[PDB]
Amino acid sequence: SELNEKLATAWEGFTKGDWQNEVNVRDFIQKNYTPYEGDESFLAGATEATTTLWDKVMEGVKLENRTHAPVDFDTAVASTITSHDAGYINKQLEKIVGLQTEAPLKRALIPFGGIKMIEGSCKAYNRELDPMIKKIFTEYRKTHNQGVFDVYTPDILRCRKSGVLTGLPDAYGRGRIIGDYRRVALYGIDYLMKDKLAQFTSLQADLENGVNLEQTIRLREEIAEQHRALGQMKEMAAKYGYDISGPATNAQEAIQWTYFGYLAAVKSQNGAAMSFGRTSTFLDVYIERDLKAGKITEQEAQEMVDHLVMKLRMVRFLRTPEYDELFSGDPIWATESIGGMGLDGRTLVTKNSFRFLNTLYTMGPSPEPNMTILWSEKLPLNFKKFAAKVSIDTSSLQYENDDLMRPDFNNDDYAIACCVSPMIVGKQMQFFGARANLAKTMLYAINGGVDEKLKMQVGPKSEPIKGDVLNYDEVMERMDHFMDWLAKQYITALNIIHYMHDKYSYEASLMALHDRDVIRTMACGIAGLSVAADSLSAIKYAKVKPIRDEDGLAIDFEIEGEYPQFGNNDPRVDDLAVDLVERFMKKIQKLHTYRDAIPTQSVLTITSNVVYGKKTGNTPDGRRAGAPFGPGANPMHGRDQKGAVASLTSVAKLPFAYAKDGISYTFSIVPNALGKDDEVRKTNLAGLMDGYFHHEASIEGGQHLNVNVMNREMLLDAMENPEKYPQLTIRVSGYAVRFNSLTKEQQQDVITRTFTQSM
C-alpha cells in the first residue's frame, strides 16, 4: 500500500484502479487497452535485423527437419532457471533476448521429470550421457517418471502396452500450465515476491489450527518454492544485462519482461505444451503509449513483436522417439490467444492483434507460436477479414469460439493451453491426461476384454459377443460396461501421475505467476470418436458380420449395406457421436480425483490418432487394422463427403457442455472451393466461421477450427521436394507443424485426410 518510485515511473499515464493495489492483470487491461476496429494498412514490414536473424535460425530448423533430430543438446548439465549462461543468435541485432541454453536450438536436460527418457534420447541421437547426471537422478533425486512407475498397477501397465491407454504424462512434463507472464512486466519481480510472502503468511492460521493440515503444509511449501523461483528469475534476467526487480517502463521492457517470465518456465520445465497465454492486447497498452509519445515508430514496434515471436519459434525440448510418435512435428504449443471480445461488449482486438498475425508475413509461415484467434460474430469485420487472409496465405492460424467460452467462464481474460483447453489466466490450470483409445474399447466389448492384437486379457473378463450379425443394443450395452472400466483405470493412472508430478516436478516458476489458490481440472481425452461412432452406425444401420479366429476373437468384419458416417450432417450417426461424448463425461464425473481436480473431457488426439490406430485392429466401421484414426473430433479420413457446411455442422453438434477441455476439428479446403478469387475467399471463409461458431441460447456452436487452405497437389510436391518448402506450415490436430518436420508415416496420415472440395 504505497507504490515506490519504480512503480510510479513505469505506470505514468495509466488509468488507475484495483490493479495498482493487488495483482490483477485483467483490471489493468480493461482500464488501459485501446480497442482497434481499423484494418491492416498501418502494418510495417521486417527490418534488416529481423531478416538476418531469422534467416540464420532457419538453417538450424532445416537441419532439424532433414535429420529429424536436435541440432545439439546438453549431456552434462541439469537445467534450472539459472544453470545456463546467456545465449544469443547475434547480440548486436536482437531487441528481445533470451534462449533456453547458451546456443540457439540447443536442447536442455530437464531431469526432474525422468532419467530413463534422457538415456533414451542420448541413445537415439548418438550422444553420451554424463555418468554423474545419471547417478544424481537415479540415487539422490528421484524423478517423476520413477515415482509413477513405482506406484502403477499391473492393470495400468497392461493398458499402456496394449494401446488402450497409452501416451499419458508418465514420461514427459505434464504441461497445461500457463503462468501469467504478463505479471512480470506489470509489477516487476519484487512486488510479486512480496505478494507471495503475503499469500504464504495467510496460511499460518489454518496451519496452527490444524485446518486441512497436510493440504496447508503442501501449499505453504509450494508458495515458498514459487517465491524462490521468482528470485531465480531475477538472476536469470541479470545474466542478459537486465534488472527486472521493478515493473517494465516501456514497450520493449514490457515485451522483454513478459518473455523472461516465460523463459524461466521453459528453462525449468519440459511440459508437452508450454503455452504463452493471452498477451498481445496486454502488450499493446505499452506499445500504444510509446507510439503516442513518439518514443518508438510502428516499424520499431513490429520489430520488437517480431523478435519476441522469433524467440517463441525457437523453444525446444529434448524428446524421445516414442514421444515424437505421440506428439509429431517437434511441437511446443507456445499458444497465444488473440483478440476476442470483452464482457462489456468492446472488442479486445488491438493493433497488436494485427502485429502478431503480421509475423507470418515479416518472418514467413511458422507453426509456433500457435496463434489462436478468439472468434466472435461481433469482431470488427476488418479483423475477421485479415485473419481469414492470413489463413488463406499461410494456413498457420486456428480459431476458437469466444462467443461460447467467454460466457461459459463469464470472463474475458482466459487463454488457450495447448490446442483447445481454456483457462482463466493465473487462476486455473489443467492436470493433463493425454487421451484414451475409445475405438479399441469398443472392440474389447465385442471381444470380452481380450486384445485383438496381443490376444491377452486386458479388460475385465467378459463373455465375448456371439452371433454372425452384431446387434447395436447388445454392443452398446457391453461398450458402456467397458467405458466404466476405462474411466476407472484412466482416472486412477492420472491420480498417480499428478500426485507424483506435484511431488517431483512441481512447476514453481509458472505457479509463482498464479493466484494462491488455483482451480484444477483433470483433463481426460478421448481418441477415435468418429471410428467408434461410425462403427456403432454400421452395426445399427447395416449388417456387420464378425470374422473370428480359431479362438472366437473378432479380428475382422464384413459389412453388408451402406451406413451413415460422421461428418455429413446425418443425425443418425451424429447423434451416436454426441452420445458417446456425454456418456464418457458422465462416467469420469463419478470418480474421486487427486487434489479434487474437477474431471473434464476433450475430444483431442494430437498424433495418438496414428499411434492408437497402429495398435488397433480392424473395426466395425470398415477401418483397417493399423490405420490412423481421424485427428481429434474429425470425421474419419475422406468420409465427410458432402461439403464444408455439412462437416462443420456435424462437428458443431458435439457438446462443449460435456467436453470442456475442448473439441478439435482440422478443416482443410482447396482454394477454388473456398472462393473464385482472394476477396471472395476472405469473405467466404469469415462467413463459414461465423456460421460454425454462431452461438445463441439454443445453439452452442463449434468450439475450435484449424484452417488449412491448400491443394493436395502442393503437399505431394513438398513430400518429393522438401527443399522447396522450408517454411511450409500446416494445421494438424489443434496446432501446426512445418510439413518437413514430420516422418513419412505422419505425412501419409496428413495427405490422406479430407481436402474439402465444396461448400
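In this text, rigid core is short for the largest set of C-alphas that superpose within 1.5 Å between two forms. One rule holds for the numbers: they count along the sequence shown, beginning at 1.
J.: Rigid core superposition, C-alpha RMS per stretch in 6 other deposited structures of this protein: which comes out larger, 168 to 176 or 606 to 614?
T.: More C-alpha displacement in 6 other deposited structures of this protein shows up in 606 to 614.
J.: Relative to this form, superposed by the core, which stretch has the greater CA RMS in 6 other deposited structures of this protein: 453 to 461 or 329 to 337?
T.: Once the cores are fitted, 329 to 337 deviates more in 6 other deposited structures of this protein.
J.: If you take the mean CA temperature factor per stretch, which one wins between 117 to 125 and 177 to 185?
T.: Comparing 177 to 185 with 117 to 125, the higher mean C-alpha B-factor belongs to 117 to 125.
J.: According to the deposited model, is the average Cα temperature factor higher in 509 to 517 or in 386 to 394?
T.: Taking the mean C-alpha B-factor of 509 to 517 and of 386 to 394, the larger value falls to 386 to 394.
J.: Go through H481, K660, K106, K142 one by one and give the residue whose Cα B-factor in the PDB entry is largest.
T.: Highest C-alpha B-factor among the listed options: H481.
J.: Sort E400, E368, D677, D150 by C-alpha B-factor from the entry and give me just the highest.
T.: Of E400, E368, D677, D150, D677 has the highest C-alpha B-factor.
J.: Going by what the PDB entry lists, where does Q589 fall on CA B-factor within its chain: lowest, middle or highest third?
T.: Highest third.
J.: Looking at the temperature factor on the CA atom of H704, which third of the chain's modelled residues does it land in?
T.: Its C-alpha B-factor, which the entry lists for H704, ranks in the lowest third among residues of this chain.
J.: Report the third (lowest, middle or highest) to which the CA temperature factor of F566 belongs, ranking only the modelled residues of the same chain.
T.: Within its chain, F566 is a middle-third residue by C-alpha B-factor, going by the deposited values.
J.: Classify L312 as lowest, middle or highest third according to the C-alpha B-factor given in the PDB entry, relative to its own chain.
T.: It falls in the bottom third of the chain.
J.: Quick check for you: using the entry's CA B-factors within this chain, is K540 in the lowest, middle or highest third?
T.: Highest third.
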